[PDB]
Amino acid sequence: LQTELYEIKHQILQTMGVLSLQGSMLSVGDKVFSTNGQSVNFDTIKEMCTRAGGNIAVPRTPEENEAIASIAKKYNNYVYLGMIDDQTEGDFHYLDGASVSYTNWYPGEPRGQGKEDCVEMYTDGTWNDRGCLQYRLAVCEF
């Protein structure tokens, strides 16, 4: 049994290692981030991620934020994050409805507020509330 489990863990390490080495994904602790390289709107990203068995990425620690930023930098595009203020403005929540804890707003944001329901990450890793219809790099977490 333990030899079976050793084998299994080893093979998982190998597959993860190859995907990491080749830049196919980025792991931060127990979270994996990845992109298909496409730039599409918020609803399309959500669909793309859930179809792959994941979720549109959202950073909950500085180290997670920096990993997503590095992907934004690599593709030179902003990234939509997994949070919205669709109910009442300024009140951002994760897509499961929980209130946001970690934030990294660009100085002065969130503002501009007509309806800026979504959040985009600039390539320096800071955040801007934005409408949800822009074409942004699809980044998923697993």
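Numbers follow the displayed sequence, beginning with 1.
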Original post:
Of the two stretches 77-85 and 91-99, which shows the higher Cα B-factor on average in the entry?
Top reply: 91-99
Subject >> Of 60-68 and 38-46, the one with larger mean CA B-factor >> reply: 38-46
Subject >> Maximum C-alpha temperature factor, selected from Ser27, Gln113, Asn104, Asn55 >> reply: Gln113
**OP:** Could you tell me which one of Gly17, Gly131, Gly23, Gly125 shows the highest CA temperature factor in the PDB record?
**Re:** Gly131
Original post:
Of the three thirds of its chain by CA temperature factor, lowest, middle or highest, which one includes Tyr6?
Top reply: highest
